[PDB]
Every structure is written in structure tokens, then in C-alpha cells.
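Okay, so we've got the same protein chain twice, two forms, each given alone as C-alpha cells, structure 1 and structure 2.
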Structure 1
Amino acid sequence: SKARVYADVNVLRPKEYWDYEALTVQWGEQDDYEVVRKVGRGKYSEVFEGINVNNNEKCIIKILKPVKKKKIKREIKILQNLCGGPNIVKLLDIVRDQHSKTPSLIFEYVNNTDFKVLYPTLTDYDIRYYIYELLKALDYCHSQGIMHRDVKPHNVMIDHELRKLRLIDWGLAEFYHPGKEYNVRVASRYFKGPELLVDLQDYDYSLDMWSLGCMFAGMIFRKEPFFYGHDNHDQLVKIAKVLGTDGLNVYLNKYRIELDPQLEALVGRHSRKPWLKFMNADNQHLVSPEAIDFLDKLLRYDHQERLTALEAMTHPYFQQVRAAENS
């Protein structure tokens, strides 16, 4: 399997662009940034809200904990390559300490609304507007030969007050290379594409479109995790119960994959449940014929069949968002 679009972008670019292991970061000054309060974490990092002590501007400080070398360079190089792109979080500086305690990434400030409280307030047009803005980020990173791999509500920061959208946390992002076998342990369970669930390792940018599709279904149908599995195996079962098992079998046959007999039985046999069955009076105002059509073109087993981000932008569902953008 090879990406339908932007498959050879990294080949055409110099080795330095995509060879992140050979990256010699230019460290800034840790003194220029004070850490104020933790909004951060404990996976591969801690995120805080701080200020730039040279202009008093707020910023986001991400401190990398027990996450050794490869990954850090990888995230830094992808961020530098994308800085300036439409709706891509902006890496302002990269600092550390002279003596020991290591890594810290500085970002432009971002101001969120726990997506769980925001999504219910979104109107039909707001969803169209924000998904379209997210589409600009993915088409840009993809055209730059980069896969995000962790698209989910938490990583799509939305400042509704300012109608601003930022795709954050590129810690799981990677450069795309034709035929390369990637790690499938990426994304968050509910947004994992079928490829990752059946171990199809030579995936591509289309993985992000499946994640986007899961978010979209979740937003228009008012069903937060649209595909709510309990584990990686049960995630595939939940997907099969909606898309149907006939399409799953076609996909496996095409890419020559055979499921673990215990997983195959677990998935079983299911008919395709039409998208209209998730519609109700609660989400009615968000559903339309075009919204169902768009979603249908994103949530396809076969990654090669899914709409690319660019093609997604021209779907009729966005025609209004697109027009307003003219002058």
C-alpha cells in the first residue's frame, strides 16, 4: 500500500528535512520563560501555562520527562518544518538547562474550553467551520509529508470566543515514506483506524482522515466517543457493528491480512447499519444529507478509499464556509 497523495514529497526534499535523528537543536534561554501553573501532564510530558519575561506574553511550556532522545528531536523537527502553517500550533522557542534537568518546548499561548463543554454549544455552521479549519491543518502537514497520528478532540484546541483552531501535540507525528512499516501503537483507542487495529503497518496520511471522521461523527450525532471500545480488539468489533463485516472482509482480502481466530470470532458477522439510525431529536439540528455523505466518505475501512483532506474541503457540506472565505 502507498499513499494516494503526497507519497513522494520527502524523497524530493533534502535529507536534512526528514532526517530528524541528525538534528542538532539550537537551544534558547530558559531564563526567558517562567512557569506559572500546570495545565500539563504525565505520559511523555508536563504542560504548563507560563509567560515570556521579555515581553510579558503568556505561552505554553511543555516539559519532556522520561522521553529519551529520538522522539524529542522528531517532534522538534516536525514542529519547525510546520511552523507558519494554517492552524498548526506555533513553536516559539526551545530551551533547556545548562546543567542537567533537560527539554522544554515553548509554544504560542492557546485557550481551550474542555471540548466536552464546548461541543454541545456548537451550531450546525460552527461544526462545518471548525472541521474545515482542521482540514487546512491536515492538508498542510500532509502536503509537507507529515502524518499527525493523534487526531482527537483534545488535540484540536478551539478558542470559540475568537473562533481560533489549533492542532496541537505533535509528539506522535512522523514523516511519511512510501512502503515504510510504522508502529501501530499511535492515536487514542477511539480514534484508531482499522489499519492499526488489524496490524496493517504500511499506512499513510489517510489515517488522520479516519480519526477526523470519528470526531465528526461524534460531533454531529452527539455521541462523544462515537466508537467506544474497551480495548484494541473490542474497538474493531464496535467499528464492524456499524460499517458491517462484509466491507471488513473485502479490506482484509485486498491487503492480504488474516485476523487472529479469536478476534475473528469476536468480530463475528454484522450488517451495515445506515448512518440515519444514529439521528435523533437531540442531534437532529446537526444532521443533514450532506453531513451523512461526507461522513460516509471518511469512515471507510480501506484507507485508500477515504477522502484526502484537500478533497474533503470541496465537499458540498462546506460550500458555505468556503464562500464566506471569498473577500
Structure 2
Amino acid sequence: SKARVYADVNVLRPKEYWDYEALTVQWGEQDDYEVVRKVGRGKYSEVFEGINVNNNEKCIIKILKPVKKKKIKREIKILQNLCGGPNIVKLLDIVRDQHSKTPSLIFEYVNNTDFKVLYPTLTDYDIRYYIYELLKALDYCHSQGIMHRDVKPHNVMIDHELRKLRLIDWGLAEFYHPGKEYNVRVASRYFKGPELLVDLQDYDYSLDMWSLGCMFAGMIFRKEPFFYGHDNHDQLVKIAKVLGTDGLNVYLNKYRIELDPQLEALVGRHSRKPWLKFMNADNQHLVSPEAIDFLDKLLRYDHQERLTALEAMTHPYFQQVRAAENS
């Protein structure tokens, strides 16, 4: 398998672009930044609202939990290569604590609303709008030869007042190289594509499009998250019970994948369920046939069949957002 687009980005660029292990970090001054309050955390870090003591401007301080220098260098290089891209978080400085040598990444401040409370109030247009803004970020990073690999609501920060969106936490992101076998232990379970769940390691940018599709389905059907599996095997089962196993086997046969017999039996056999069946009274105002058409073109087992981020931005579902932007 290879990416259908941007497959040669890292082939054509200087090895210094993608050879993140050769990174030399120019450490800043830890004292330039002061923690104000904790605003988030995950397995790999804690995130704080901070203040830049010099200009007294707000910023974000991401304190990294203990990990190999390789993973730290990877996130830093990706952030530096993407800096300035549309809707990409801006890495401003990198500092470390002397004694502990705990690294912190400093970002421009981002002022988000809890997705669990925001999403229920989004209008159909807001959905279309925010999804389009997220697409810009994904098309940009893919175009720069990078896969995010952890698209989920928690990593999409939205300032609803200002209608500003930022794709954050590049800690799981990787550089795309044709034929490379990547680790499938990426993304949040509910947003993992089938390729991850069936051990297809030579995946690509299209993984992020499945994740986006999961988010999107969640939003239009008001169902967070949409595919609610308890473990990785259950995750594929829940996907199979919607998409159907026919397409699953077609997919498995095309890429010559054999499922684990245990997994094969959990999955079983299931007919495809039309998207409309998920329609209900709470979600009805958000569910145009254009919504369904777009969603159906994202949530495909076959990563090669999925819309690219570029194609997605041009789907008629987004026509009003494009018209508005074009002024």
C-alpha cells in the first residue's frame, strides 16, 4: 500500500527535514514562563495555561512526562515543520528543568470549550464550518509529509466565540515514507481505523480521514463517540456491525490480511446498516443527504478509497463554507 497523494514529500525533501533523530534542540529559558493553572492532561503530558513573564501574554505550557528523546525530538521537528500552517498550534519555545531535565513545550495560547458541552449546541452550519477548518489543518500536514495519527475531539480545540480551531497534540504524529511499516498502536481506540485494528502497518495519511469521519459521524448523529468499543477487538466488531462484514472481507482479501481466529469469531457476520437508520429526533436538523454522502466517503474500510483531505474540502457539503470564505 502507498498513499495516493503526497507520497513523495519526504522523498523530495532534504533528509534534515524528516530525520528527526538528528535534531539539536536549542533550549530556551525556563524562567521566561510561569504556570498559571492546569487545563488538561494525558498519558504523555500535562498542559497548563501560562504567562510569558516578559510580555505578560498568555501562552500554553506542555510539560512532558518521561519518554525517550526520540519521541520528544519527533514532536518538536513536526511542530517546527508545520509552524505557520492553517489551524496548526504554534510552537514558540522549548525549555527544560535543570535538575530533572523535564522538558516543556511552549505554545501560543489557545482558549477552548469542552467539546462535550460545545458539540450539543453546534448548528448544522457550525459543524460544516469546524469540520472544514479541521480539514485545512489535515491537508496541510499531509502535504508536508506528516500524519497526525490522533485525530479526536480532545485534540481539536475550539474557541466558539471566536470560531477559531486548532489541531493540537502532535505527540503521536509521524513522517510518511512509502512502504514504511508503522506502529499500529496510535490514535484513541474510538478513532482507530480498521487498518490499525487488522495489523495493516503500511498505512498512510488516510488514517486521519477515518478518524475525522468518526468525529463527523459523532457530531451529525449526536453520538459520542460513534464507534464505542471496550477494547481493540470490540472496536472492530462495532465497526463491522455498521459497515457490514462483506466489505471487511473484501478489504482483508485485497490487502491479503488474515484476521486472528479469535477476532474473526468476535466479528462474526453482519449485514451493512444504512446510515439513515441512525437518524433520530435529537439529530434530525444536522443530517442532510450531503452529510451522509460525505460521511459515507470517509468511513470506508479501504483506506485507499477514502477521500483525501483535499477532496473532502471540495465536497458540496462544504459549499456554503467555501462561498463564505471566498467573500
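Only residues modelled in both forms are compared. In this text, rigid core is short for the largest set of C-alphas that superpose within 1.5 Å between two forms. All residue numbers here refer to structure 1's sequence, counted from 1.
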Superposing on the core, which single option in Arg272, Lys297, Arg41, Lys58 has a CA shift of 2 Å or more between the two structures?
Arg41
So with the core overlaid, does the Cα of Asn253 end up 2 Å or more away between the two structures?
no
CA of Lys101, rigid core aligned, shift of 2 Å or more between the two structures:
yes
Where the rigid core has been superposed, how far does the Cα of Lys68 end up moving between the two structures, given in Å?
2.2
Given the rigid core as reference frame, how large is the C-alpha shift of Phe221 between the two structures? Answer in angstrom.
0.2
Core-referenced shifts between the two structures - contiguous stretches of at least three, CA at least 2 Å
40 to 42, 97 to 102
